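Working through the structure, step by step
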Amino acid sequence: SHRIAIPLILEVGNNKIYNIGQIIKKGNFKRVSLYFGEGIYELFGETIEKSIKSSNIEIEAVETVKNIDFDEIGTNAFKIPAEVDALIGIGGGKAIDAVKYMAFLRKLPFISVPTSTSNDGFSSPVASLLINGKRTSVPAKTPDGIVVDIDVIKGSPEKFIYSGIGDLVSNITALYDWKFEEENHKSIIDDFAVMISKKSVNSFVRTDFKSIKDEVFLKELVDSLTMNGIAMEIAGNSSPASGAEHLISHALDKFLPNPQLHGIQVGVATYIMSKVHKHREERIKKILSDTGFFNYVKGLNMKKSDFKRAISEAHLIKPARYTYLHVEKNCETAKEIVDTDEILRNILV
Amino acid sequence: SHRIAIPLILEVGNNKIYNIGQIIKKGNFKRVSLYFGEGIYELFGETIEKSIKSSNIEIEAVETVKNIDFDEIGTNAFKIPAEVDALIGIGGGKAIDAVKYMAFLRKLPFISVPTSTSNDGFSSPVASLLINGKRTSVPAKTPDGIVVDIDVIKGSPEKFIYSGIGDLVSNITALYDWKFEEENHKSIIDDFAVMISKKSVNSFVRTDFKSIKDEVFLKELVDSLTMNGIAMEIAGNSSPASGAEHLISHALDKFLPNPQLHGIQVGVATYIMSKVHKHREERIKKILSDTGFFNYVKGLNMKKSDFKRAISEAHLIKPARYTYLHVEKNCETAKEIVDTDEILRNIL
Amino acid sequence: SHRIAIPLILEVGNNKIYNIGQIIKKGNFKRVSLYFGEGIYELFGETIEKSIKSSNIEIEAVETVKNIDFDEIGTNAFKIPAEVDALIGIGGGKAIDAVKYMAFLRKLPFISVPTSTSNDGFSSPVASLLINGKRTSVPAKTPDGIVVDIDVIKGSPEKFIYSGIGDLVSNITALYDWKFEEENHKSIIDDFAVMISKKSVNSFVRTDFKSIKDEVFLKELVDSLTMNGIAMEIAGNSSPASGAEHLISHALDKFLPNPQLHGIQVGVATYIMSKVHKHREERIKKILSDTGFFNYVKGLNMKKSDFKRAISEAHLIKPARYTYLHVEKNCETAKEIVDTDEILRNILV
Amino acid sequence: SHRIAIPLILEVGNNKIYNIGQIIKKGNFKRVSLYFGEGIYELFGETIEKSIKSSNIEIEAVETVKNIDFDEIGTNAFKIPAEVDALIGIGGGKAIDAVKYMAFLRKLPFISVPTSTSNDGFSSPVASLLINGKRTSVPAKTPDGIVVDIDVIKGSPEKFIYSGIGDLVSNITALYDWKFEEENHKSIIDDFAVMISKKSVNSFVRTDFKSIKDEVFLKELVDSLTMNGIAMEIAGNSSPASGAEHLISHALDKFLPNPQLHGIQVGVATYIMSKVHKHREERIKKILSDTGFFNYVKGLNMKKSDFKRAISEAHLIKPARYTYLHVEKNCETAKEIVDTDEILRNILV
Ligand SMILES: [Zn+2]
Ligand SMILES: [Zn+2]
Ligand SMILES: [Zn+2]
Ligand SMILES: [Zn+2]
């Protein structure tokens, strides 16, 4: 008994920041507040303000987002003046998630304007926040508008792109777990959500590329991450884009003091789960190699022992689900993979 | 650009508590947590648990709700185990609103089982909580189920019934303000929401009654309060049930340390607004008199001065709206009413 | 897996016809066609046209509705110019149902402006048409707008009001059959649909009245009939307003050459079913007596034998349902009622 | 003020016919009727029946669809027994559209099982029928389920594949016209609809292929055509997949006694419109050449003069729209293209 809110505004391409005003006019907002990640205003602020003001939209306030702490977010949410019609979030994944959550708490339209794509948070119904010092995924609301400027994304640090590659590829293992879950009568698949998620991913995986900062490559990456969010909205849950691989990453977040980027953790987890599933192994290996994902991850010195533990505790994150990692045998296989596999032996310490 | 979630389960009548298990089976919940207001478990707890367990539904936890403090609610919300499918709230208005808010934060189905009807919180998309020590109305989510046992309601303290009468009669003034707002191009009316809110209220207002603990009376009261909540869900905002009269009450809440029951404040506010509107004055006067609402309110010693200030600050609660009290002249009229009116001179 | 379209426009009261322009402006229609029942334009046409034109809405065409024949309706439907945004139907039940069906076939918004209330056709998702010479209830679409002028209704012939009373009171038995059906696992009740249908009916039944042309009485009658239609739209089927009593009437329609008004047949059927249900008998008897419904019906000379046959064949109209009349014993009881009951002995031949 | 019904069931791939029973079980249908196009039962009937019966679903009737005449369809619609829960249509485009329309008239769930893909009728909310001897597109309802078996499609006659290519490629010009329309304030674009239609098409256009009976090629063709229909359902109108190119085809249908396949007419129209738009010309030329669409069309001897007339009359099909062909200048340009263009000089007489 669930309701679907497909975003009204979807713009991925060139020259978007400059035209943000005309882009969001479709929402009929009279009065907005802009929330910028640190340093972001210095880069794009004036242009964004000019653009919005010239589209005859008033700006109540311009603020900076400094953290993803649940308490500070709730405080700030209720500080938002009652005459505000809409929230605009401009920045990285953390900034987006914070503003998204405020809009959720105040039941306000939210426009997502990410300056990087480290994951699909910028398009989805879930927010990643700090809850009692621990990074945690919590229900929020899907953005009403998503505006991604590929020029801006071109300029982002490569860590965020690798992170995005990791969160995208996870759709392959997530869908497999979802099907396994259904076969075990522990859920029901949403066919359309599967179809779009699958199409987004397969489009990306097939795209030729010279480098990861390639415009065509980035446009495909962003389109798919956007799609993933909408697929979640359509399904009414995270399954289209979140399976065991995600549960592994969430488990890591609960005991590591300094977890790596969500996308990075999810990517490694996806590789692992592919070998456990014995499904789409070559595709996943190829994309994560060819893009330099594995290369990059080696430099981070993630521990085998931390993954082994996350694998064991993955099921605790969503105990009513039934992924491969809700089965003890599959956990042991997963752990044996982490100890044996050649790529892992290389990129993990 | 808004989505409507009409509750799946609606049950108002006799022998509901005992059958709560079969009633909620429709939701297909596998594992629930029960939250009881203080003293409520001692009264209905065992029965409720038995009923639920016999319908093959697992109970993860049974807890007590001790406040409506936003911080504690958030803390408790994120303590709810991940395997929980649904939240059931059993108790008074404060208890219900707390559990409802947790369900909102965790995106979980919520079953509302009120043991009193002091207001339409038990059926609506808004929660009344403490925010920085101040009672404040905040967005939440409409319950997925509402189960009201009229026997339990029969046994509630009269103060909650009077409160309920007050929150119900407010529909009359709210709808008028809403129409005024539309005429001033500051919103658009949702015709269906107007229809059902109007029907619930008119049904109640016409009902003959010996006393306020009359079963037919109570059943009507509860039906309308339930309707009000669904009306709000349908409209996508509070306007079907919340106009200037409510803005008055919310304004009182911001400066009074010890506000009265929402319903009580809203009732008095409704009487005042009727005279300002010069609309349905006799109906409102009659119902609030005949039920003993006014008598009851006299005993509370609410101050004329507090109402006058609330009237002046009502507009600040929702400055983008356009109720009668968003116009200075109508505020002066409202304040002259509080100083003059005979009933008010008596009960304030 | 079903979608709900609550009407955008709902207006029941005084001075509605004159203000039809301003009332429908909310729909943002640019170009409409008006369909009038026979004689209806003579009464209200100029006013309606003036009002619409003065609200800056173009009128493509003004036409007359002459029948409820399915073939003529389809032909006329596809003659509607492609530039037409909306259809307005002004007249009696047959006229409304015809225009409603055209709007259904062309997927056009429909505004219902009934000049009588012989039944809830003016507010519901079903149309009553002639199919192979037989009156038949068929799926259509709920109006987007309903505009009922109580002054116009005041002036309608009494037969239509009695018909309306009959179609309204049927909620009581329909809801009982629906509950019975659920208990037998042959359907699932929609709680909200039950609540509103129940509230509309109970409001009406309790209303004091001097005569059936009383303004307060008519306003209540119209509100309820309107509610009944919306109840059906909400449930996604007819059950909130259509039970065995309806099946009886539909069965009569299949073998009678000259059936009486839907409402009239339904009313008598409702009385019968109340006795079969042994539920709300006194209320139903009281309302149908007090309003003069029974006295009116006596003049029509409906046959006991026709009702007995309709009772036997009721189940054939909807064989997958499970009302009381899907059980042989209850049919026998129904027939014994028609042969015995004092009121029926007086008002039927 | 419009409601979206995304299909519950979407299956495109191998071994689908045989498993139709398990596939449709998700719909919880208790009793269905199967409607087969001519000759189709002989090919797949027994298997389909077995499969359905073994999934514990009753089959009320098995019938043959013999045409797309509106009158015969209405007659047959109302002959469907009241206890039927769902209609299953198995066959070509005409067959599918006929059964779809019956489901529309009886407000019944519909499962689309196409044995060819000559167009996106099998996934969309519109039906192509004969109205007064003229092929005409009319509002229906989107299927509740779509089941396409690529093995079956492999074995279809090439003319349907070429037809499908033609109806698919039209998305490129349709979207351009839609944007033009919006710029002229004559409609509002649905961003998500644009995104999926665009993604389906671009996926197909990029797919390498040996032949048009290539399994990967076909799977992509079918996925996109499926997507086009859902895009239409999402938008609440046909614009995502129907622009001037379609208006041209529909205009041909109104004066030709023997029109060619919708898809074929649409494909040629799409080439023409691309040159008028001066947009995506090379892509469209490449795909229609490389697939052998143009060579195939040459054999049909469509007349230049017919296209010129269709171009002039295109606007009459939907006069309230504002496509390029709602502007006189663009019409002469289109007509000069038909007289001049090298490809057209070759493939048209
Ligand atoms: Zn993720
Ligand atoms: Zn209230
Ligand atoms: Zn009826
Ligand atoms: Zn087409």
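Residues numbered from 1 in each chain as written, not as in the entry; some residues may be left out. Chains lettered and ligands numbered in written order. Heavy atoms only, no water. Residues with missing side-chain atoms left out of burial classes, pairs and counts.

Structure determination for this PDB entry was carried out by X-ray crystallography, with a resolution of 2.370 Å recorded in the header.

**Focus on the overall build of chain B**
What counts, and what does not: Labels follow the DSSP assignment, with helices taken as runs of H or I lasting at least four residues and strands as runs of E lasting at least two, numbered in each case from the N terminus. Both definitions apply: the radius of gyration is a C-alpha atom measure, and the globule rule equals 2.2 Å times residues to the power 0.38. Any two residues whose heavy atoms approach within 4.5 Å are treated as being in contact.
Along chain B, the regular secondary structure elements total 15 helices and eight strands. Against the compact-globule benchmark of 20 Å for 348 residues, chain B has a radius of gyration of 20 Å, which places it among compact chains. When the backbone C-alpha atoms are referred to their principal axes, chain B occupies close to 60 × 45 × 40 Å. Excluding contacts between residues fewer than 6 apart, the proportion of contacts in chain B whose partners are at least 24 apart in sequence is 77%.

**Considerations on a negative patch on the surface**
Keep this limit in mind: Surface patches are defined over residues having more than 30% relative accessible area and no salt bridge, joining like charges when they lie within 9 Å and nonpolar side chains (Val, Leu, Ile, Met, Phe, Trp, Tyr) when within 5 Å. For the accessible areas, the method is Shrake-Rupley and the probe is 1.4 Å, while residue cover comes only from the protein chains on display. When a carboxyl oxygen of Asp or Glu lies within 4 Å of a side-chain nitrogen of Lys or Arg, that pair is called a salt bridge. Residues counted as positive are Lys and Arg, residues counted as negative are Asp and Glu, and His and the chain ends are not counted. Note that the charge is assigned to NZ on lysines, CZ on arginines, CG on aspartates and CD on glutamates.
A contiguous patch of negative charge on the surface is contributed by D69(A), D71(A), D69(B) and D71(B). Secondary-structure assignment places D69(A) in the loop between β3 (58-65) and α3 (70-77).

**Observations concerning the coordination of the zinc ion (ligand 4)**
All names here are of chain D. The condition that has to hold: Any N, O or S atom lying within 2.8 Å of the metal counts as a donor, with the limit raised to 3.2 Å for Na, K and Ca; because water is left out of the atom set, some sites can appear incomplete. Categorising residues by exposure relies on relative accessible area from a 1.4 Å probe, with only protein chains included: less than 20% of the type maximum marks a residue as buried, more than 50% marks it as exposed, and the intermediate range marks it as partly exposed.
Surrounding the zinc ion (ligand 4) are the protein donor atoms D167 (OD), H246 (NE2) and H262 (NE2), at 2.0 to 2.2 Å. Donor residues binding the zinc ion (ligand 4) come from one chain and are separated in sequence as D-x78-H-x15-H. With a gap of 16 residues between them, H246 in helix α9 (residues 244-255) and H262 in helix α10 (residues 262-277) connect regions that are remote in the sequence. Of the two residues, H246 and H262, both sit in the buried class.

**A look at the coordination of the zinc ion (ligand 1)**
Residues and elements named next belong to chain A. Only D167 (OD), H246 (NE2) and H262 (NE2) from the protein coordinate the zinc ion (ligand 1), and they sit 2.0 to 2.2 Å from it. When the donor residues of the zinc ion (ligand 1) are listed from N- to C-terminus, their spacing reads D-x78-H-x15-H. Of this pair, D167 sits in helix α6 (residues 158-183) while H262 sits in helix α10 (residues 262-277), placing them 95 residues apart in sequence. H262 matches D167 in its accessibility class, with the two residues each being buried.

**Brief notes about the UniProt feature "binding site: Zn(2+)" (unreviewed entry) in chain A**
Residues and elements named next belong to chain A. Keep this limit in mind: UniProt positions are given in the numbering used here, feature names are shortened, and annotations may be inferred rather than shown by experiment.
According to UniProt, the feature "binding site: Zn(2+)" (unreviewed entry) maps to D120, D167, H246 and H262 in the numbering used here. Considering the C-alpha atoms alone, the annotated residues occupy 143 residues of sequence yet fold into one spot, their largest mutual distance being 12.4 Å. Counting through the fold element by element, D120 comes out in the loop between β5 (110-114) and β6 (126-131). Its relative accessible area of 7% is what places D120 among the buried residues. In this structure, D120 is in contact with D167, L225, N228 and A241, ignoring residues within four places of it in sequence. Leaving out residues up to four positions away in the same chain, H262 has contacts with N119, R135, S163, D167, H246, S249 and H250.

**Brief notes about the interface of chain D and chain A**
How we decide: Residues are grouped as follows: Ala, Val, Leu, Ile, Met, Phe, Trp, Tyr, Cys and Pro are nonpolar; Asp, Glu, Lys and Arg are charged; all remaining types, including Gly, are polar.
If you look at the interface, chain D gives 21 residues, while chain A gives 22 residues. Mapped by element, the contributors of at least two residues to the side of chain D that touches chain A are β1 (9-13), α7 (191-206) and α8 (215-235) of chain D. Partitioning the side of chain D that touches chain A into residue classes produces twelve nonpolar, two polar and seven charged.

**Some points on the domain arrangement of chain A**
Residue and element names in this part refer to chain A. For clarity, the threshold we go by: Each domain span listed reflects an automatic or database assignment of domains.
If you check the domain split of chain A, you get domain 1 (1-155) and domain 2 (156-349). In this structure, domain 1 and domain 2 have C-alpha centres spaced 26 Å apart. Opposite the 32 residues of domain 1 that make contact, domain 2 presents 34 residues. Considering only residue class, the side of domain 1 that touches domain 2 consists of 14 nonpolar, 13 polar and five charged.

**So, the packing of α9(D) against α10(D)**
Residues and elements named next belong to chain D. Heads up, the condition is: In this analysis, axes come from line fits to C-alpha atoms, helices being fitted only over the stretch in contact, and the angle between any two N-to-C directions falls in the range 0 to 180 degrees. Working definition: roughly parallel below 35 degrees, roughly antiparallel above 145 degrees, roughly perpendicular at 65 to 115 degrees, and oblique for all remaining angles. Each crossing gets its handedness from the near helix: less than a right angle anticlockwise from the far helix is left-handed, clockwise is right-handed.
With their axes 8 Å apart at the nearest point, α9 and α10 run at an angle of 130° to one another. Our classification of the angle between α9 and α10 gives oblique. Relative to α10, α9 is oriented so that their crossing is right-handed. Across the interface between the two elements, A244, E245, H246, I248, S249, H250, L252 and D253 from α9 touch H262, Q265, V266, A269, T270 and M273 from α10. Partitioning the contact of α9 with α10 into residue classes produces six nonpolar, six polar and two charged.

**Some thoughts on the pairing of strand β5 (residues 110-114) of chain D**
Residue and element names in this part refer to chain D. This is how it is decided: Criterion used throughout: strands pair if DSSP finds at least two bridges between them. If you view a crossover with the strands going away from you and the path from the first strand over the helix to the second runs clockwise, you call it right-handed.
Counting buried positions along β5 gives five out of five residues, so the element sits mostly inside the fold. Alternating residues of β5 divide into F110, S112 and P114 and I111 and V113, and every residue in both groups is buried. Sheet topology note: the strand β4 (residues 86-91)/β5 ladder contains five bridges and is parallel. When the bridges of β5 are listed, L87 appears paired with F110. Handedness of the crossover joining β4 and β5 through helix α4 (residues 93-106) is recorded here as right-handed. Inspection of the sheet shows β5 paired to strand β8 (residues 145-149) by two bridges, in the parallel sense.

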